[PDB]
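Below are two forms of the same protein chain, given as structure tokens: structure 1, then structure 2.
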Structure 1
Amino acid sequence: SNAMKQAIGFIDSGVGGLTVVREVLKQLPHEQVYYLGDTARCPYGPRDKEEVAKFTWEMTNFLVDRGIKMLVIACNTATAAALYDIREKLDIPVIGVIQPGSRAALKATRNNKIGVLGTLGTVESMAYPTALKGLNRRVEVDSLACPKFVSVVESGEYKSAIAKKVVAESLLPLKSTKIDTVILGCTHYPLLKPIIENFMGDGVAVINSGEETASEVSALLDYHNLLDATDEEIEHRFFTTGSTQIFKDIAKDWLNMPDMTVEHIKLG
């Protein structure tokens, strides 16, 4: 039976949340994942906060109805828009990805000059400089909106020549700075990390916040006595509001999970 195992829920606009899933699979191999990507409504990047929060709640309600024991808002715009409201209203633990990436960045920097890549809405929220300066008021933080990146990732062309061109064109400004650490402030961006790293070179630490987010999941599950303790067969479930085949093609590449269950759903 699967009745004892309760899933950790993850919500995101598309495939980006899988960068957190990957580190959860590694750090918490006994935990079941329920994932929902709102592919039909991706991009969230250029949407208004009120709308993002509304959509984020739709995703949350879908997974809460399926019995999850914890929720990860594996999406930067969604975190900025709705984390506190959702944390406050739910009874289960709820985290986002902005604070973990902030902590990781501060740990990686040598000169306290941090760059942030994200969407239009993430950049406009100022969530990263606010979080970063909240931990260390002396850090310098400069952010760059990369509206093309999610399109390249969602179209599955994140290893292609086009990806290489879009990265080089979007990131050239960073080379005018002394920034030594760059936060991937959209959860889609680690799919491009090899290209970003090759472009920026060995002097810049490129931060995928998935590892730090997954450690926070582990820490909170242990703290609240919520770690799974059963031998029941793990049955992960992926849900998308778009096409299942394209989701599977990307997810199977990123996670190495050949026998994945991916279903289409309708929200809103």
Structure 2
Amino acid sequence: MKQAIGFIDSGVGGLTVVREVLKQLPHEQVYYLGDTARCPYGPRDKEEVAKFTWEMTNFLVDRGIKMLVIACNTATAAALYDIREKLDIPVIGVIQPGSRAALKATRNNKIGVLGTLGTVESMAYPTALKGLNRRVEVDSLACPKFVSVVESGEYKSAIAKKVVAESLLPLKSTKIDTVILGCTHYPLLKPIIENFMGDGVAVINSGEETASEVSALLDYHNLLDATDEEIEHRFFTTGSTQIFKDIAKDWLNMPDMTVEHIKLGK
């Protein structure tokens, strides 16, 4: 009768959300699916992204999940409303939780948003933020290089420092006191970004609030488990299981995990 929390993503970035779920909800089993054969999603057409997101959704629903996290900013924007309406389990994305966390952390209502070209172009974060607080001013900044620096493992190195300083220089001209990491890969750069931005700026890992919302929703529906003793996490990918496993076992401190290859769509 034990059921997983499902996570869907285009790749490995959603693992940063899983990381916070492991901390905050240690009794819950996680089923994660990264569609690495077809990432990036950012460049793709909304219809296509919804179709892909439904394929991933349907796969995890067949596997038995009691809640779904769309742990991808692009998929969250393209499909959240339709999936939430059609499924009878709770479904959330990462954008409303990140926005909430920013509104909690800000003191001057000047917020920065870092993300992919697609994310920043969507205006999803400004729309969420401003709907909650009309006084907020939001500066959005595309950071095209960051995903590569993280996936390639360079995110602690001298390269990351230079890439962060280069990319975020515009933000230094502002009085922003809060920066939302609006791409699930970006938490791996968080210490470097905090260093560049300085001690007056709160840097938001939206996985932390997302995990809290999962916990709250599970409680709200009386679905929280009491033990981790028969926990069997499962990781699924459409791309290379080895490349995925190599990253995941490091980010999640899980040397013994198993990654299942799957075939979706076409």
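In this text, the rigid core denotes the largest set of C-alpha atoms whose superposition between the two forms falls within 1.5 Å. By convention here, residues take numbers in order along the sequence of structure 1, the first being 1.
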| property | result |
| --- | --- |
| Of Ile95, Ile86, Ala131, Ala163, the one whose Cα moves 2 Å or more between the two structures after core superposition | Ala163 |
| Core fit, then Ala219 C-alpha moves 2 Å or more between the two structures | no |
| Core-aligned CA displacement of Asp231 at least 2 Å between the two structures | yes |
| After superposing on the core, C-alpha shift for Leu120 between the two structures in angstrom | 1.4 |
| Core-aligned Cα shift of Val206 between the two structures, given in Å | 0.6 |
